[PDB]
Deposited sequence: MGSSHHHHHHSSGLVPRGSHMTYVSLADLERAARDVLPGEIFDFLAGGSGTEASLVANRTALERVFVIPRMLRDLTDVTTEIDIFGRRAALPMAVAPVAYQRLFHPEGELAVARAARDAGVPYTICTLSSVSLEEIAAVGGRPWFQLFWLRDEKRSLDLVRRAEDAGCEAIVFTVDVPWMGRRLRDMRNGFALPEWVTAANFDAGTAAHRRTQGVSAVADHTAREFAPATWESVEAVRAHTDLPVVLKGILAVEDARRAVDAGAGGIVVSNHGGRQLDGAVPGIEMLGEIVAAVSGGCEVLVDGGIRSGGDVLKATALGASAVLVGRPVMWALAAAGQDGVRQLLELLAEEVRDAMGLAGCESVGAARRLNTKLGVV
C-alpha cells in the first residue's frame, strides 16, 4: 500500500456491499460528503525553503499527552462490522503508532476492554435519554483511563442515510452495543459533563464561529470542526471551510481539531496550515481494518506517519507549530 486509496479498493472487495455502503455513505444527496474532498482539493500550501530540518518531528502535545502525529482515530461505531477483532485491532495499532484512539459509545467491544489495550484512549459520548446514565458512561470511561471526553454535539438525531434505507441495512445479530445491556444534547448537557469530570471535554461537530466561541466560554478543552463526514445535515459546510475563521475566533482558548476527508499526509499538512491542532481520520482507518485487521491499520498509520513527515519537511517545517504558520492559497 503506497496510498490510502489502495486500501479503499481492498476493503470494497472484502466487505459485503451493504456494509461498505454503511461505511462510505452520507446523508441526503451526499453533497456534504463530496464537499469535504472538494474543499481539501482547493487548498494549496505555500511551502518554505532552506530551513533547518535536522530534527523534524511530527509529535504534538494534546490534552496532556504526547502524540506521535497530529492525528487521532475518529469515533466510528460498531467496528466489528468491518473485522472480527473490531475495536481491539484498531486500538492496538493506534497504541503501537502512538496515535490516540477514540472509543465509541456504540462500540461493539466494551469500553473497558478497549481501554485495557493501553495507548491514549479517548472516549466519545452520545447523550442518553437521562443525565445520570450519560454521566455513568463518562465515569466508566474516566475510571478506565480515557484521557478526554469527545462529546458528539451534531447528532440530536441521526441523518437520513439513503444508501442504508435503499439497502434495508440493519445491524447483524452478531454485532451489539457492548457498552449497554438517546436524546438531543444542549449546552446544559455540556455543563453537566464538564462539572462531573476532570478530563478535557472536546465538542465534536462545531461549524459556526459563535458555537466555537461559546464552546470556549463553556469550558471545553477542544472542539472538532466537522460536518460528521457528511452523514448528518446534507448541505452542511465542510469543516475545513470554517476552520481558519474558527481558529482566529478562539484565539488560543482551546485545541481546534478538524475532520472530514483527510486521506494523506499532504491533507494533514493542509489542515495544519489552516490552523488545526490535529485531525481526526475515520473511513480510511476502517478500510485498513477491513482489508487487513490490526496489521492493516498499523500499515495505514505508518504510511500516514511517513507522508506527514515528508510533507512537513518539503514545506520547510521542522515541527507541527511551524506547519501551522504556513500560508495557503485557494485554487
### Task
Mind pulling out the bits of the deposited sequence that never got modelled, as residue ranges from 1?
1-22, 204-225, 376-377
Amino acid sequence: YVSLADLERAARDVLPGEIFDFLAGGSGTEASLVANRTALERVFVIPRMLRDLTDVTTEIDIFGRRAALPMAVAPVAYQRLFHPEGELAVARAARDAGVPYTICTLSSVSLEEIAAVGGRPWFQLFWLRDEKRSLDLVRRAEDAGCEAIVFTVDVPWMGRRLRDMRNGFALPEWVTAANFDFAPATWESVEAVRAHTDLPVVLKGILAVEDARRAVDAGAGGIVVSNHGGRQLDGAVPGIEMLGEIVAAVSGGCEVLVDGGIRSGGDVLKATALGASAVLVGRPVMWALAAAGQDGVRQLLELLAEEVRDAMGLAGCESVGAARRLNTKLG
From here on, numbers count along this sequence of modelled residues.
#### Entry: residue 181 not built in a third or more of the other entries
yes
### Task
Give the stretch, out of 18-26 and 309-317, with the larger mean C-alpha temperature factor in the deposited entry.
18-26
### Message
When the Cα temperature factors in the entry are averaged, is it 227-235 or 125-133 that ends up higher?
### Response
125-133
#### Entry: Candidate set 113, 181, 245, 255 [ranked by C-alpha B-factor, highest]
181
### Task
Between 204, 120, 213, 92, let me know which has the highest C-alpha B-factor in the entry?
120
### Query
Comparing residue 218 with the other modelled residues of its chain, is its CA B-factor in the lowest, middle or highest third?
middle
#### Entry: Where the record places residue 84 (Cα B-factor, split into thirds across the chain)
highest
### Query
Compared with the other modelled residues in the chain, in which third is the CA B-factor of residue 264?
middle
### Message
Per the entry's values, where does residue 60 land by CA temperature factor relative to the rest of its chain, in the lowest, middle or highest third?
### Response
middle
### Query
What third of its chain, lowest, middle or highest, does the C-alpha temperature factor of residue 46 fall into?
lowest
